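Trainee: Using only what follows, build the 3D model:
(2 chains, ligands or ions: 2)
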Amino acid sequence: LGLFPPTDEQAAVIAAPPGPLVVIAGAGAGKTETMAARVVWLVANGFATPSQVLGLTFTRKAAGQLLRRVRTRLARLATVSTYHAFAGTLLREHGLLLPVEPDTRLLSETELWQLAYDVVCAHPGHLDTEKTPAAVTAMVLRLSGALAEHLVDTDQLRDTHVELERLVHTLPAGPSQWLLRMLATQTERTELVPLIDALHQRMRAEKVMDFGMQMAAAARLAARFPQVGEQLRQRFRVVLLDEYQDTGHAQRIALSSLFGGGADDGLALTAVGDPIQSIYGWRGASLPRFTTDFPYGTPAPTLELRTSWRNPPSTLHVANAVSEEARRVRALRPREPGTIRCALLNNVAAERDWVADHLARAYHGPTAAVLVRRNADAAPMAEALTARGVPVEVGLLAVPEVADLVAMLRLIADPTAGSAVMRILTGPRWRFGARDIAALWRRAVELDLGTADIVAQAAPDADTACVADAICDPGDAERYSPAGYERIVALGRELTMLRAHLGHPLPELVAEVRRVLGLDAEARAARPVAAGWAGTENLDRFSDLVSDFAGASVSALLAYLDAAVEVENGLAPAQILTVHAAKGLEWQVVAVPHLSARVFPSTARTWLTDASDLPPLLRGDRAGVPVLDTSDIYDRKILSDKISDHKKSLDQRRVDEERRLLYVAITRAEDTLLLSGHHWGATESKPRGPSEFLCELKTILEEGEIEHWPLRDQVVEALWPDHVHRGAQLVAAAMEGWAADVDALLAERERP
DNA sequence: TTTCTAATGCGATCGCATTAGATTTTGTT
Ligand code: SF4
Ligand SMILES: [Mg+2]
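Mentor: Numbers count the residues shown, from 1 in each chain, chains lettered A, B, ... in the order given. Ligands and ions are numbered 1, 2, ... in the order given. Take a look at the structure below.
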């Protein structure tokens, strides 16, 4: 009645009776269109209202897609949000049984690093560590985000190296010195326990929290107080747990305590997901238990969705040959055969020319993409594709309109940042030449032996002969070019105007440096004609992050913009996307270009060779994640064999989550699919061989493969130091509503 | 003026000097 016909296998998902129910929805099978097809059957045929619908996904986009596919149906015939927004609401209502304060602020990944580095550099003690601060606060932030993901709380972690150190110093076969290092990493978790515990005593003293503590608190309000769960169960009568294969441990005992731990059988609960696209489990660190954790005391049912819609055959002969014999539920089926083209070339740039030529002979002769494992690898491929004659799509503080705004702001606060003086003296406004830069250094020296003398400097007061106090004192014009002396007086008169504004608020500097600079008039003149009036998106994204910050503009806002270049890779601004980047996007032409060794399989620090990894005795996934025995170990050559076999079991498990990146990057196909992998890398004396996946797939397609069958050491350079010149003649010669607007603007300027 | 890991391949199970790469990345009010 107004839509397409429902499939006969999808009807069991739709017309299932109320109760818990698990669906194994495979790849490309359109799971959302049969999540919304159960909301409609549970509204028009009774059993619920529109207001009693709850859906929970991870990403904020794939909740908005499900938000509309319910309301489009229910208007043709109403509460969808993420997991981490359902935690912040579950602590604004019930968040006083467990004593947290309401209206608690949430720290950014940068403003958390500001606070974590300040409790490491204020620790009274010894620490016995060969590391530096800013490298023992990358272990504090990595255990205390992994202790609050398995719900551990710092007391199960003390004295876990005992009954392992007793195994090496006893049992007389020295202790081989590979086994002391493994013993020295585990007396280092215990050593840093008072750092990841005086950090929580300060985040509770200022009432500010994180994302790994939202779900850690909301899952300790779940299983502890039954009353909070009962109110939620009454409010929502149908609950939709989409993407359940990526649900962590802390998110698992917060849903299985609220929504049906065997409690209610009138609630329509449905949870979808396949075990074989579990790519994200190295971050969340996570379904087989479903039907054992959401029971009636009978176990829960199980159904399947194996018809694949946006995927041709022969990408289901390759994807089913990769996934089977290692992992596999049951194989999925199609409903013309899309082609496969495999290749192997003796150079990266040759293999960047093979994948470009098949992508250029389908554009000048469709929806195309490139799926790469490494973020860095993108750039070269992009340039190559662009160069043939194809248009190509691919940090905020590296944008050249904000970078200039970051650079001339710093030169106002401290005149010892010389690396932001050569951003300005060599920039497009006031282009200096190499003779005037070197004439300013020689003035900057004119304005300026034993252990005590050597340590006298490296102070916060010592004078270092910097350039920026030779612009405010340039001398006489016999040292400079005659056109370059008018610019030193101009930039010295401009800075003294701006340096008197450090008493003003932090935002009104940034709005006055923006006016005095030629910004937001030269940023709009570098955009094409058909783009519109749009020039200042991410130059106005910056100027709301400076006001949401406030602040002192010298220590604050300049040592905040330096952590945020390190910690979160610039900031967030306003196809050659990576393989994690597209998980729900299907194109026509999909190329997976680099399948060499040490690249696509990407080989790795286990729990026994670094501090931060949590020992598998103590995590909530333990028997996967094989925990070692150490009971029959009555020797010391056994202990170097009962552990080295355990490391190879934790390292083969690393490889089984790389086939899942084949099975999730092959089934995004819908058409022809490209596969390649090079033979010489870029900087290797010995060439990198193709990975197992590519030599394995050449044994699948051989039962069409293109002709596969001392490195590249060339130099890349640059030289330092037109319609603009042509368009300047038109304005020189003369000197949509553009006539009356100028008459409006010249009124206010000419009216005192 | 410059760091650190887990490798590799000679020796006298192991020490012991020499050299390649540095991931991927959601989530509030
Ligand atoms: S030219 Fe290259 S090597 Fe020289 S300073 Fe610039 S980035 Fe560094
Ligand atoms: Mg020296």
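
Trainee: what's downstream of the helix or strand encompassing residue A:356, the next helix or strand?
Mentor: When elements are assigned from DSSP states H and E, residue A:356 belongs to helix A:348-360. Per DSSP H and E, the first helix or strand lying C-terminal to helix A:348-360 is strand A:368-370.

Trainee: Residue A:141 is in contact with residue A:112, correct?
Mentor: Yes. The pair formed by residue A:112 and residue A:141 meets the contact definition of CB atoms under 8 Å, at 7.3 Å. (Each C-beta comes from the backbone N, C-alpha and C, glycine too.)

Trainee: which non-adjacent residue is nearest residue A:36?
Mentor: Leaving out its chain neighbours, the residue that sits closest to residue A:36 by CB to CB, 6 or more residues apart in numbering is residue A:69, at 4.3 Å.

Trainee: got the contact list for that neighbour?
Mentor: Contact analysis of residue A:69 by CB atoms under 8 Å, 6 or more residues apart in numbering lists A:32, A:33, A:35, A:36.

Trainee: Repeat that for residue A:684.
Mentor: residue A:711.

Trainee: tell me the secondary structure for it?
Mentor: Following DSSP: H, G, I helix; E, B strand; the rest coil, the label given to residue A:684 is coil.

Trainee: any idea how far DNA strand B is from it?
Mentor: For residue A:684, the distance to DNA strand B (CB to the nearest atom of the strand, to the nearest Å) stands at 5 Å.

Trainee: And residue A:410, by the same measure?
Mentor: From residue A:410 to DNA strand B the distance is 18 Å (CB to the nearest atom of the strand).

Trainee: Okay, and that residue sits in which element?
Mentor: Going by DSSP H and E, residue A:410 is part of helix A:403-413.

Trainee: Now do the buried residues in that helix.
Mentor: A:403, A:404, A:405, A:406, A:407, A:408, A:409, A:410, A:411, A:412, A:413 (16 or more other CB atoms under 10 Å).

Trainee: burial measure for the nearest residue to residue A:705 once chain neighbours are set aside, as a count.
Mentor: Spatial nearest neighbour of residue A:705, chain neighbours left out: residue A:342 (4.5 Å); criterion: CB to CB, 6+ apart. Look at residue A:342: counted by other CB atoms under 10 Å, it has 21 neighbours.

Trainee: which residue does the stretch 401-550 of chain A bring closest to DNA strand B?
Mentor: Closest approach of the stretch 401-550 of chain A to DNA strand B (CB to the nearest atom of the strand) occurs at residue A:548, with a separation of 9.6 Å.

Trainee: you'd agree that residue is in a helix?
Mentor: Yes. Per three-state DSSP, residue A:548 lies within a helix segment.

Trainee: who are the neighbours in contact with it?
Mentor: Applying CB under 8 Å, 6+ apart, no residues contact residue A:548.

Trainee: and if you look at the one 5 residues further on?
Mentor: Listed by CB under 8 Å, 6+ apart, the contact partners of residue A:553 are A:409, A:413, A:502, A:506, A:509.

Trainee: mind giving me JSON lines with those and columns for distance to residue A:317?
Mentor: Formatted as JSON lines, these follow (distance: CB to CB, whole Å):
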{"residue": "A:409", "distance to residue A:317": "59"}
{"residue": "A:413", "distance to residue A:317": "63"}
{"residue": "A:502", "distance to residue A:317": "68"}
{"residue": "A:506", "distance to residue A:317": "61"}
{"residue": "A:509", "distance to residue A:317": "63"}
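
Trainee: Contacts made by the helix holding residue A:356 with the rest, please.
Mentor: Contacts for helix A:348-360 (CB under 8 Å, 6+ apart): A:341, A:343-345, A:368, A:370, A:380-381, A:384-385, A:388-390, A:589, A:591, A:593-594, A:674, A:676-678, A:680-682, A:706, A:712.

Trainee: With only the CA atoms kept, save that helix in PDB.
Mentor: Extracted C-alpha coordinates of helix A:348-360, given in PDB (Å, rounded to 0.1, in the frame of the first residue of the first chain):
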ATOM      1  CA  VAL A 348      53.700   1.900  -6.800                       C
ATOM      2  CA  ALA A 349      53.500   4.700  -9.400                       C
ATOM      3  CA  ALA A 350      53.100   2.100 -12.100                       C
ATOM      4  CA  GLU A 351      50.300   0.500 -10.000                       C
ATOM      5  CA  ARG A 352      49.000   4.100  -9.500                       C
ATOM      6  CA  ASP A 353      48.800   4.200 -13.300                       C
ATOM      7  CA  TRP A 354      47.000   0.900 -13.700                       C
ATOM      8  CA  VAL A 355      44.200   1.800 -11.300                       C
ATOM      9  CA  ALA A 356      44.000   5.300 -12.800                       C
ATOM     10  CA  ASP A 357      43.700   4.100 -16.400                       C
ATOM     11  CA  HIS A 358      40.800   1.800 -15.700                       C
ATOM     12  CA  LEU A 359      39.200   4.700 -13.700                       C
ATOM     13  CA  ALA A 360      40.000   7.200 -16.500                       C
END
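
Trainee: How about it and DNA strand B, touching?
Mentor: No. Against DNA strand B, helix A:348-360 shows no contacts by CB under 7 Å from any atom of the strand, the least distance being 12.9 Å.

Trainee: What is the distance between that helix and the centre of its chain?
Mentor: Centroid separation between helix A:348-360 and its chain, computed with CA atoms, centre = their mean, to the nearest Å, is 28 Å.

Trainee: now swap in stretch A:307-326 and tell me
Mentor: That offset, for stretch A:307-326, works out to 29 Å (CA atoms, centre = their mean).

Trainee: Now do the contacts for residue A:7.
Mentor: Contacts of residue A:7 by CB under 8 Å, 6+ apart are residue A:307.

Trainee: mind redoing it with 10 Å?
Mentor: Residues near residue A:7 by CB atoms under 10 Å, 6 or more residues apart in numbering: A:13, A:14, A:29, A:30, A:33, A:34, A:37, A:305, A:307, A:309, A:335.

Trainee: Tell me how far residue A:517 lies from residue A:483.
Mentor: Look at residue A:517 and residue A:483: by CB to CB, to the nearest Å, they are 21 Å apart.

Trainee: More neighbours: which of those two?
Mentor: Set residue A:517 next to residue A:483 and count neighbours by other CB under 10 Å: residue A:517 wins out with 19 against 9.

Trainee: so the more buried one sits right up against residue A:406, yeah?
Mentor: No. Residue A:517 lies out of contact with residue A:406 (CB atoms under 10 Å); the separation is 11.7 Å.

Trainee: what's the neighbour count on residue A:668?
Mentor: Residue A:668 has 23 nearby residues by other CB under 10 Å.

Trainee: Tell me the residues of the stretch 351-500 of chain A that contact DNA strand B?
Mentor: A:373, A:374, A:375, A:376.

Trainee: Would you show me how to pick out the buried ones of the residues you listed in ChimeraX?
Mentor: Provided next is the ChimeraX selection string for whichever of these are buried by 16+ other CB under 10 Å:
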select /A:373
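
Trainee: need the residues of the stretch 351-500 of chain A next to DNA strand B in TSV with distance to residue A:639, can you?
Mentor: TSV is the format used below for these (distance: CB to CB, whole Å):
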residue	distance to residue A:639
A:373	36
A:374	38
A:375	40
A:376	40
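
Trainee: so residue A:216 makes contact with residue A:146?
Mentor: No. Using CB under 10 Å, residue A:216 makes no contact with residue A:146, being 11.0 Å away.

Trainee: any common contacting residues for these two?
Mentor: Listed as contacting both residue A:216 and residue A:146 by CB under 10 Å, 6+ apart are residue A:152.

Trainee: more crowded one of these two?
Mentor: Of the pair residue A:216 and residue A:146, residue A:216 is the one with more neighbours under other CB under 10 Å, namely 22 against 17.
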